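If you count by the authors' numbering, then the sequence shown holds residues 1 to 422, 439 to 534, 540 to 812, 824 to 1507, one letter each, in order. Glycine included, every Cβ here is placed at the ideal spot set by N, Cα and C. Beneath this line is the structure, given in structure tokens, with notes to follow.
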Amino acid sequence: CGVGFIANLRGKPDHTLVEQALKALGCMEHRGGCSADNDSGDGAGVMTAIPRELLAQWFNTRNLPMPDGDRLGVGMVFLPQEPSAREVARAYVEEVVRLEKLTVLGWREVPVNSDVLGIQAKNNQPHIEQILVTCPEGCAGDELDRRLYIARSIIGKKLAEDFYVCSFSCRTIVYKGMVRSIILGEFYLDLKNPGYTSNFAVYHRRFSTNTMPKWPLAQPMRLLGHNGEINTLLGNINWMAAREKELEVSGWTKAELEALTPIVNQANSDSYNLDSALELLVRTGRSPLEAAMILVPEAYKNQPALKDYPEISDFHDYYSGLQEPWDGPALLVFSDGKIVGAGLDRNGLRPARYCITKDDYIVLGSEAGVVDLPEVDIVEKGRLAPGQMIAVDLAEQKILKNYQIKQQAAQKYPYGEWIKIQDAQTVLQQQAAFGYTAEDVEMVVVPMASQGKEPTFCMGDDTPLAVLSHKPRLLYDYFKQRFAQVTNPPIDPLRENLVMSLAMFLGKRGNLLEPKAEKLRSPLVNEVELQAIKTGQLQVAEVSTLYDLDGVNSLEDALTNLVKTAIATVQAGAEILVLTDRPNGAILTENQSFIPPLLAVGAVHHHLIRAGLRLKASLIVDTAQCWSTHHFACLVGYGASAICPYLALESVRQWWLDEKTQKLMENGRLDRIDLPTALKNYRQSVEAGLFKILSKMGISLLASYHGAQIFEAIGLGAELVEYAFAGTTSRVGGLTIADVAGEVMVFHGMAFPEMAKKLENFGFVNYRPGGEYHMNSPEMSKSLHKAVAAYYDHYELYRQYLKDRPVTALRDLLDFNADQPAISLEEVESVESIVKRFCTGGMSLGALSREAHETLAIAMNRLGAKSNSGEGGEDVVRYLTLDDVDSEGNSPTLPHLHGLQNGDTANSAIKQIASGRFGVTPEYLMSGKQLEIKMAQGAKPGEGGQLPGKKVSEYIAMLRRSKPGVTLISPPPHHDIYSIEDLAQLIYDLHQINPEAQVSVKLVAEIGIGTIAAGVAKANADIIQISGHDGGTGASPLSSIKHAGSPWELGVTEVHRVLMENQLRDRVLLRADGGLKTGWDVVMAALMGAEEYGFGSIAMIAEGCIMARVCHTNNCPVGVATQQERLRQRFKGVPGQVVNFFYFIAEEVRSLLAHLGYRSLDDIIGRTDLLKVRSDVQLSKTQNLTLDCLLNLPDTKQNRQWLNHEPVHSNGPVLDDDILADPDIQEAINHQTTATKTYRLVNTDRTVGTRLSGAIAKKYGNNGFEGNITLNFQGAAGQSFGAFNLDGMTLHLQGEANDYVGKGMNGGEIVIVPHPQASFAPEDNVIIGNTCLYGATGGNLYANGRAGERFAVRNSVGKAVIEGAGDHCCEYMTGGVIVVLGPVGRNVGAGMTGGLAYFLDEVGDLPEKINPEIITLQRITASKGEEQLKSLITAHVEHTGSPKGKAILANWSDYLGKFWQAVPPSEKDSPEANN
Ligand SMILES: Cc1cc2nc3c(=O)[nH]c(=O)nc-3n(C[C@H](O)[C@H](O)[C@H](O)COP(=O)(O)O)c2cc1C
Ligand SMILES: O=C(O)CCC(=O)C(=O)O
Ligand code: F3S
């Protein structure tokens, strides 16, 4: 979406503002969507003051007295088109306007031209009419809106697509519709009418994830236009729904309050919901500025900027306990009529550029160059740093974040004033019965307790889903974590920890509305805090999670009674309910089992909610059954305010406090482990675990996580889910209450009536004889491998291992119900034809050895299929078909390879773009028949690439332009994709640089992917990849292998269906991958909707993976997943083998086609109706699963057109296209020429210069050009200005630019200069936006002005001088040189692992801001460092004329001192940080 305001202080309501808003909305177009029409908009809107002039002709024509300003008030109302319904409708507005003692003057029919609307909008269009109202008693301003508020709210009880109040106030009015932006003015005529005048305008342009517009949903709403995504919806909506009965405010009556009856409802959008919520705060006597602060608070903690402001730090300290953030990104813009303003989510996830004139004329908005002010008279050009607000007040004054936040610092204060004033070894079988397991303590608790980090591991979760498996499992194992993909971002929880927190308030929340004077550092509370708390504010009913045998018979009762016990205790004044399965001190054989703590914390949490009471107490879950990082998250997630994992905590104790261990600690394991460190380690490793899980969905605060329920349950039954975990999706739906009970009996069986010596081992993490199944195992793959080595019994073996398996995935419940007679293999399409649908699927040159990697690519190129360049670049030598192949099968070009033929090519068909952008280079981008945006991987959704240092050899270092020693933990998000629109920019950047190349976007299955996919389709992609939770990794956390992601049967299905219903299905080809290994897997994916098929792990196997499963270790015995030369030598493996393996898999498909009876996989895809539920299968745990989610897809028997895609989506006529047009193709093809060109840019001009880089690149690779094209520009640059810029390419920006300047930059120069006519101080004044220089690989960028957040995020080799910046300066930086001549946000070094950065920070405070975790703060001391800073502080002045630049130069001797230098230990010993 695009959002913005324009405000006018020192004029009176002109019509030009109104024109300006509309124009501006115009340049938001590329930020919004279109419906199936490609014509109707996902929405456009505008808030203004009542255009009291224009309405003057209404009263006039009717011969009526127009009421005062504050006493008119105007309902802008959408209404049914059918006349009789239109009247029914209108009689009601009036009924209820009447029913507050107000009076109707009548109604103005809103002049409109329906002819401009696209067909779908037009079919939808409500009939649109303004009701004009007044109050006889003499009500005005605040009381009248307050009353109207009550009225639009009552009218809101009957909300309909056909019946909806856009706005009803005496102060503000909304004109909106399902129109493309520049059409908004053509539809509504009022807006093009010079009697239309307003002191301001809030404008919004919508981008939806569907294709069926509903008019109410366009969006500047009643109070705000929101651009962003609440990523905690469900929680927030629950903690508001609970606030709802007990509202109290000043003379607000219990009858008026009750009238906003449900002010929040999960059926509406975060937006409607946010507006609503923020309304209730405003109409109840806070200004929208304050109400935003309560609801979308900055990250105050650690905030240098709050040194002089401790009042504000206390209002959050306060509000922090009361109201948890509405998280996710957000640029919020809102008006009261009294105030108009804007501010950001705590993270600054949306751009917000403002502009101010000598006459305090302001212009805020998503994009800089938008309303066009007369440059000469610009006073300030700024932006909102994270959490910053900026406003305007009718008393003619603008209002920057400081006053502002202080102004409600100041009042209702008690702030800080009141804040102040507020033995045997039964363990061995407790453990057993609670469900611990040999692998749980040995492979999980132990490592946390010993190293302080939950374990790393490798490969995919091979094993069946909790519900279909035959081995005991925890209830936790049914909940898969959800995570952010395109539609919002993850946050980096280690590099941006400073913004997170695990605080968790144990008091009861009161009135949000009534600020009266009248805490737990982490959720994990140790025995000490348990007592401490059990002293504390209130007394605290233990409620037996326990229950005796036979009498109270079943698990069902003890639930019924726990909740009743809970309900009852909370009424009786209990303000904390500690639910112990350890009540009064012990857990017997005949305490004959438990309530599972997840079940309990769910039940009491939803049943309290159901009781009006959830707000009264707050819950501690005191359980043995919690040890996992994921366990803790299930618990907080479904309600726990905190947790005391007493047995977990015990298991550290026994393990350390044991002879075996203490011994090895005397020599072997680390004896740096007094017990105080083992425990402080165990927890401290749980804390990093929670930070992680939240960051997977982009959530900063356990506080927010704590309502929400950021999970999808696979295999829980409908009743089970409502009773305990309400409103969680569970589409396959298995277990019942008794069913869970039976499982808890399975491992209670085994600690008690029997014996106890060591907890059982089922091979969950790793293949065992005794234990859980695994789609891949070392003996299984040894033989598959020997099969492909030849050209046989090994399939009898390999195929057999594949028969032996239980139920593992959802496809296993299905089977074929052919609708046509069996057919003949010779009619089926050839093996060569299928093979072209196969994809090796991208595993990183880091992670695999180049031997294994180049091999997949040569084999995949052979079959005429595709291979994928994981995430770690590609060696340029591969981009060349091979000449030199000799008799023996070898090539001097690739000596390490074997079995090569003369036409082979090791070049990846697909080039991956991932968060680190490691090899991401114009030629890279150009050697690629397709490009892949890696939103996420199966093994680890909300998380970045991971490559341990062990494995970062000089080769890799060189490839990634990063440092030899060092570990590569990529950023969770692309710093580049904070929203769907943002996605569309990267897709566009990439279609821009390689028009030829299809762009896929890779997403993991989870509920929500279908909506998201709809977005990716509208965002202009060519391919979407669904990856199951199944898939492999050469490294991930084990938690994530086993707990994040959902089956791809869910993914593919859901995307296929949504795509079809939204009529976007032709737009895109779908890849499915994750755990495919067999033709029947291909046929299952195909029926389910997939057109290509991806193979990682197996492809590896077929080259000679055993399943050592030591991938993240750099030990592959077998030469595949290592960088060790020794091991690499032992790589057996030739292209022929994988080539053959996919000939098998294809053959095997051809014959399924035969039993089924079609010629061509083209005939089966999404013929979901060919599937039926299997007759044999019975599982251990429930009677059955509901498979509606997989069987019920769009009939595809005749509608198969969607299966025809355009060869590649285009970016459109684009300015580069012309650039590339003039005498210009002579400066390229004549390898050396100067050319100059000059152009106006407007901010629709995006990625400019980029196509021409690709142009040169495609012919001279990155460094072969000696020409000198100088393109000079003027205006406001759109997104990605000067991306992927090459050598011999100079770009002048006369003006300003937006976000992503220099993205990808490889080579050459980008100079950006304010327009000369500015009377402002360049250095004090912003000129470039967020994430500039992202993954820069060469180049130098010179810019006269503050830049955005993330400056030079993943900068690998680019250089730059800018004059100031926001937060995260130099984020994951890794080489090159960055020079900043002005202030800079906090976190000023996060994970910057290589390269030099020089600041100049005169407030002296910089050291407080800097991220101290790896970078070190020096004073320039090396005289070769000065020689570095002066060259660039000079070069800047040469290219610009810089006013802070020139200053520093002829006062060189002075400024040089107090002014720091950033060194990574990595550069400690270079001729520029030493001597
Ligand atoms: C060794 C290894 C490295 C991988 N590297 C990447 C990576 O660089 N980027 C990515 O998106 N997926 C990566 N993956 C996942 C694959 O792209 C693919 O999604 C997955 O391996 C398919 O699941 P499967 O192993 O069950 O076939 C990797 C997987 C493994 C086995
Ligand atoms: O090679 C990398 O940069 C990381 C790839 C990854 O996370 C994986 O191997 O699963
Ligand atoms: S599991 Fe991995 S460590 Fe080796 S044998 Fe396979 S590549």
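query	result
Which residue or residues does DSSP assign as beta-bridge partners of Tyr794?	DSSP output for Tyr794 lists no bridge partner at all.
Within 10 Å of its beta-carbon, does residue 1510 have 16 or more other beta-carbons around it, so buried, or fewer, so exposed?	Past the boundaries of the shown model lies residue 1510; the chain is included only from 1 to 1507, so the question cannot be answered.
Does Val1343 come out as helix, strand or coil in the three-state DSSP assignment?	strand
For the alpha helix (DSSP H) containing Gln445, name the first residue and the last one.	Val443 to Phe450
Exposed or buried, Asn113, counting other C-beta atoms within 10 Å across all chains shown (16 or more means buried)?	exposed
Quick check: the stretch 1242-1262 against the stretch 1270-1283, are there 3 or more CB pairs under 8 angstroms?	yes
Are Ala1375 and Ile1394 touching if we call contact CB-CB under 7 angstroms?	yes
Give a yes or no on whether the C-beta atoms belonging to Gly73 and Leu144 are separated by under 7 angstroms.	yes
With DSSP collapsed to three states, give me the class of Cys1143.	helix
According to the neighbour-count rule (16 or more other Cβ atoms, all chains shown, within 10 Å of its Cβ), is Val952 buried or exposed?	buried
Rounded to whole angstroms, what's the CA-CA distance from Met892 to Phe712? Just pull it up for me.	40 angstroms
Give a single yes or no on whether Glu906 has its beta carbon closer than 6 angstroms to a heavy atom of ligand 1.	no
Could you tell me how far apart the beta carbons of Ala971 and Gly476 are, in whole angstroms, since I believe they sit closer than 8 angstroms?	6 angstroms
Does DSSP put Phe848 in a helix, a strand or coil?	strand
Quick one: grab the DSSP three-state call for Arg1272.	strand
Measuring straight from C-alpha to C-alpha, what distance separates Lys158 and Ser276?	15 angstroms
Quick test of the definition: if touching needs 3 or more C-beta pairs under 8 angstroms, does the stretch 1124-1133 touch the stretch 1076-1083?	no
Taking the alpha-carbon positions, what's the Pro544 to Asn702 distance?	15 angstroms
Since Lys176 is in the beta strand (DSSP E), which residue starts that stretch and which ends it?	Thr172 to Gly177
Using 8 angstroms as the Cβ pair cut-off and three pairs as the minimum, do the stretch 831-840 and the stretch 476-489 touch?	yes
Can you tell me whether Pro67 is buried or exposed? The criterion is at least 16 other CB atoms within 10 Å of its CB, across all chains shown.	buried
Going straight from the alpha carbon of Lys401 to that of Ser1212, what length do you get?	60 angstroms
For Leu805, which of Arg949, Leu780, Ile714 and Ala1131 has the nearest alpha-carbon?	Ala1131
Could you tell me if the beta carbon of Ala1140 falls within a distance shorter than 6 angstroms of some heavy atom in ligand 2?	no
Grab me the residues of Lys995's own chain with a C-beta within less than 7 angstroms of its C-beta, minus the 5 sequence neighbours each way, in chain order.	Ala989, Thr1406, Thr1425, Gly1426 and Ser1498
Can you find a heavy atom of ligand 3 that lies under 6 angstroms from the Cβ of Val1170?	no
Tell me whether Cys1 counts as near ligand 3, meaning its Cβ is closer than 6 angstroms to at least one heavy atom of that ligand.	no
Along the chain, which unbroken stretches of the beta strand (DSSP E) at least 3 residues long are found entirely within the stretch 1451-1500?	1492-1495
Between the Cα of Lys1050 and the Cα atoms of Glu1038, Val1033 and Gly1066, which residue gives the shortest distance?	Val1033
In terms of residue numbering, what span does the beta strand (DSSP E) encompassing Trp107 cover?	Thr103 to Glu109
Locate the beta strand (DSSP E) running through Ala330, then write down its first and last residues.	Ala330 to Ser335
Under three-state DSSP, which class holds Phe473?	strand
Should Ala292 be listed as close to ligand 2, given that the test is whether its C-beta is under 6 angstroms from any heavy atom?	no
Answer yes or no: the CB of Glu903 versus the heavy atoms of ligand 2, is any distance below 6 angstroms?	yes
Mind checking whether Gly45 and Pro220 have CB atoms under 7 angstroms apart?	yes
Which same chain residues, not among the five before or five after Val202, have their C-beta less than 6 angstroms away from its C-beta?	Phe5, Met47, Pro220, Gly225, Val333 and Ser335
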